[PDB]
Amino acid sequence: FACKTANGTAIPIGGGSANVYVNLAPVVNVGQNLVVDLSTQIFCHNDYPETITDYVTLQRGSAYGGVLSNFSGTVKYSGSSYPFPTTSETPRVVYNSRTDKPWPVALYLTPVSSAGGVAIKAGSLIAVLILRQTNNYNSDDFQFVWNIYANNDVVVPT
């Protein structure tokens, strides 16, 4: 089991950490959601699906910078939503193919009532998402740590 990113970096067997750079909607209104879709950013596969089934969770999602200060919301993992920043580990998604498969995570972030002007700064860290991988074969339990950076400013109109 290993993963790769839309920025051309990787995390091999055994886990590790990578950076992800996301283009964000430039304007988000109070009462609306900023969508941060990681399924177009992070892709993983199973290295021996003939005999092994891989299990993958979002172990913890943490907010930083302008997301931490100016937004609330949810994380959608494989069709179900949970609070973000996270308060538990999600259920598992099965990886059962060598073919790249997106990691089905997206953040839905809404501005807090006090937000206005530049709410997320270009280049800044917005989230850290920990992917936990196990299997039905051995006792491997690996963390793939994804540091999510904004590529651009996000403005919340007054």
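The numbering used is simple: start at 1 and walk along the sequence shown.
The PDB entry records a higher mean C-alpha B factor for 108-116 than for its counterpart among 108-116 and 126-134. Note on 91-99 vs 53-61: mean CA B-factor is higher in 91-99. Taking the PDB entry at face value, the top CA B factor among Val145, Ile148, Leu24, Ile13 belongs to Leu24. Between the residues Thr40, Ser69, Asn33, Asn46, the entry's highest C-alpha temperature factor is the one at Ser69.
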